[PDB]
Amino acid sequence: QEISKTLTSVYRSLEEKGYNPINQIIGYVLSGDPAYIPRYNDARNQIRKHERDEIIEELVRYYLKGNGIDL
Amino acid sequence: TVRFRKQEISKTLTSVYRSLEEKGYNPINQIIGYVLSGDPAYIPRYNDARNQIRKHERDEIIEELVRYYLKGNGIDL
């Protein structure tokens, strides 16, 4: 559950800083550029615990399970 | 034809997974490779899987994956 906790915390810190949190997270996943995630409230340091391919693996597994795949 | 439960991405990614599974490949690994690279060559032609992935851009796939995850986990809610 680490990745869901990270993305939750990052979304809420993005929101508090007045960013569009979805756009910034999409930007991070596209680019791997930590600059899309503010340093505020440790958000950038939290997302850097994971590798982008681990984040993508979780997004993909979650999406497929929710759309009817038995993993 | 309706799917009983964006919907095109749902159709594409589930169909790609099942075709990769039928051909004995690691489907998650191949899908991750596509998402990181945008390269349709990570997807076999088999059962129209590559044709379906090529209906989308990598950023549209990533946008849907991110939006679906946040909404489903109650973060964007």
Side-chain angles (χ1 to χ4, degrees), chain A residues 1-38 40-71, chain B residues 1-4 6-40 42-44 47 49 52-53 55-76:
Chain A
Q1 286 84 239
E2 63 185 342
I3 290 194
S4 60
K5 194 173 150 173
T6 297
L7 293 181
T8 305
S9 167
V10 168
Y11 184 105
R12 303 183 191 281
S13 312
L14 277 158
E15 212 173 34
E16 289 197 8
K17 274 275 270 193
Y19 290 95
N20 188 314
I22 298 163
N23 285 0
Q24 298 301 127
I25 292 165
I26 292 171
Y28 180 67
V29 176
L30 281 163
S31 72
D33 195 349
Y36 280 94
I37 306 304
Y40 173 72
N41 207 16
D42 213 49
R44 183 176 300 169
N45 282 330
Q46 281 154 1
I47 206 142
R48 246 121 50 130
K49 295 182 331 273
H50 314 285
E51 298 302 327
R52 189 161 56 122
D53 62 351
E54 293 157 7
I55 294 178
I56 291 162
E57 178 180 20
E58 192 38 51
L59 298 177
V60 167
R61 285 181 182 275
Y62 188 87
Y63 185 86
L64 290 168
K65 194 251 209 213
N67 284 265
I69 298 292
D70 293 307
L71 300 146
Chain B
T1 317
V2 278
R3 240 162 109 249
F4 302 96
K6 198 152 300 247
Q7 244 271 9
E8 214 44 66
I9 298 192
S10 172
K11 289 185 210 296
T12 293
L13 290 184
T14 54
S15 171
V16 166
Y17 179 98
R18 287 199 174 92
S19 304
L20 280 155
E21 194 184 27
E22 265 189 11
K23 248 1 218 335
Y25 305 133
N26 193 292
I28 301 295
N29 284 356
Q30 298 305 135
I31 290 170
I32 291 163
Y34 167 77
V35 174
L36 285 166
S37 68
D39 188 349
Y42 284 99
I43 309 304
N47 197 35
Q52 289 176 91
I53 205 76
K55 294 183 292 96
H56 309 287
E57 292 306 315
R58 181 185 88 109
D59 71 295
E60 298 162 354
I61 294 300
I62 287 165
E63 168 159 358
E64 183 46 30
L65 291 171
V66 168
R67 288 190 187 276
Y68 187 92
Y69 188 91
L70 297 172
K71 200 232 176 121
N73 282 280
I75 327 178
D76 185 47

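Chain letters run A, B, ... following the sequence lines, proteins first, then strands; residues in each count from 1. Below, each value reflects all heavy atoms present in this structure, side chains not excepted, and no hydrogens, waters or symmetry copies.
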### Query
Between B:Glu63 and A:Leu30, is any pair of side-chain heavy atoms under 4.5 Å apart?
no
#### Entry: Residue selection (most heavy-atom pairs with chain B, distance under 4.5 Å) from A:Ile25, A:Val29, A:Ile26, A:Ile55
A:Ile26
### Summary
Honestly, the part of B:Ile28 sitting under 4.5 Å from a heavy atom of chain A is side chain
### Task
Indicate yes or no: at least one non-hydrogen side-chain atom of A:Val60 is less than 4.5 angstrom from one of B:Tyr17.
no
### Task
Answer yes or no: is there a side-chain heavy-atom contact under 4.5 Å between A:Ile3 and B:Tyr69?
yes
### Message
Is it true that, when you exclude B:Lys11 itself, more than 12 heavy atoms of the residues, nucleotides or ligands shown sit nearer than 6.0 Å to its NZ?
### Response
yes
### Task
Pick one of side chain, backbone, both or neither for B:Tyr68, based on which atoms fall under 4.5 Å of a heavy atom in chain A.
both
### Query
Is a donor on one side and an acceptor on the other found under 3.5 Å between the side chain of A:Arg12 and the backbone of B:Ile75?
no
### Query
Between B:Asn73 and A:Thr8, is any pair of side-chain heavy atoms under 4.5 Å apart?
no
### Query
How about A:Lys65: does its NZ atom have over 12 heavy atoms from other parts shown lying under 6.0 Å from it?
no
